[PDB]
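Q: This is the structure I want to talk about, given as structure tokens.
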Ligand SMILES: CCNC(=O)[C@H]1O[C@@H](n2cnc3c(NCC(c4ccccc4)c4ccccc4)nc(C(=O)NCCNC(=O)NC4CCN(c5ccccn5)CC4)nc32)[C@H](O)[C@@H]1O
């Protein structure tokens, strides 16, 4: 085993793997339209970046390890590309994470704030900013045996540490991690929230934090809390302040929406109790099943719920399974099956299972970010930690050599693992990949 021959061979194996693993991703999305959401637009960009490292950044990172003599700007150029090609991969990961953040926490505005048009504009940013940082030394932030105007072509020789540590590390690689981490937790915390009536109707009707026009052009906020039928947005905003009790500018917090929602629930219940046909059924239900009945009122109305004479009878007799089947035959179930299905299950079980199941999609995304952040940090932290010690403790006992180059190997391993791992974990790709493998191979 010659020391570095091993190192180069790994880098080349990564090149192939990086290329191959990434050639697949962009290919799948090409022929399957289910994978042509705005999100996979971000994916194809990352995949392409990770292809570019396999062809140019890898051979460059390798050729920066020989020490041949060449113009400082000609050897800096090479080190700058490998920097640039990697900056993009870092920022491209942000595009995916933040996209997954809004899709989970703010699903309504997703299509509004996240259009296929805008997305392509955000990638343009990620790529330009990558150039801005990687090519900073070429602007003048550099460090310039062999002859005049020729240095030993070595990374540290041409790239100072005050750039790698202060600017590159903290501003370009670290704040991703801290950001990408914040995404993981806040998504994670959303998938594991304690369930209740408020969250229940947030899933069926959707939560709104800014005033919006309902389906009939009446200003509404929260979960279907109408403000006024007046055609004046200023009038609607005024009414909001009356209920909130402060200056809102047309915007409220999540807690304020829950106080409006709670007031609305208290109102629906008082109406149910006035109904000679709904009060007997309402009293004979436990807390969770009462939330299911309130859900039907918030959708149809008391007189509309009262129409279910038979299904209301079985409920008071606690014939849960029998009431469910009868509710399945209603026009209400036929016009909105998804919501009615979750509501019926709540009647059957008296639990939040049907809605808890709705969050399985959330935890899938959470577990999928644990991996991206874990690998990303595992692959990037080592090499940069090494840079820091060299910069702050020159006289220290440097870490072992063979290990140093491994850290370099880890940084490049990110390009092949990170994009493919996200795709392969979301099965729609898996079926698409196998389809390609058998058909063309
Ligand atoms: C996120 C933005 N992008 C990147 O981070 C990408 O840029 C590359 N990179 C990023 N830091 C890199 C980096 N650190 C600095 C460098 C270093 C650190 C301390 C002291 C000297 C050099 C290092 C080299 C190897 C591994 C890790 C870091 N050295 C290289 C890069 O090729 N070195 C190879 C060419 N030099 C050398 O063998 N010198 C030798 C190293 C061993 N001896 C030592 C060691 C300790 C103390 C004294 N003498 C003598 C000089 N490449 C890097 C890499 O491709 C990353 O993915």
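The count begins at 1 with the first shown residue.
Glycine is treated like the rest: Cβ placed from N, Cα and C.
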Q: According to Swiss-Prot, 156, 411, 412 bind adenosine; which one of 162, 168, 387 is annotated to that same site?
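A: So, going by the record in Swiss-Prot, that would be 387.
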Q: Out of 75, 146, 387, 411, which of these recorded positions is nearest residue 144 (disulfide bond) by C-alpha distance?
A: 75
Q: Check the deposited model and tell me the whole-number distance in Å separating the CA atoms of residue 144 and residue 145, where 11 residues are unmodelled.
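A: Here the endpoints' Cα atoms lie 15 Å from each other.
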Q: Suppose I define contact as three or more CB-CB distances under 8 A, residues 6 or more apart in sequence; do the transmembrane segment (41-64) and the transmembrane segment (401-424) meet it?
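A: Contact criterion met.
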Q: Round to a whole number and give the Cα-to-Cα distance in Å for the pair residue 412 (adenosine binding site) and residue 153 (disulfide bond).
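A: If we compare the Cα positions of residue 412 (adenosine binding site) and residue 153 (disulfide bond), the gap is 20 Å.
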Q: Distance between residue 411 (adenosine binding site) and residue 393 (disulfide bond) at the Cα atoms, whole Å?
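A: Just about 23 Å between their Cα atoms.
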Q: What whole-number Å value do you get for the CA-CA distance of residue 69 (disulfide bond) and residue 153 (disulfide bond)?
A: 6
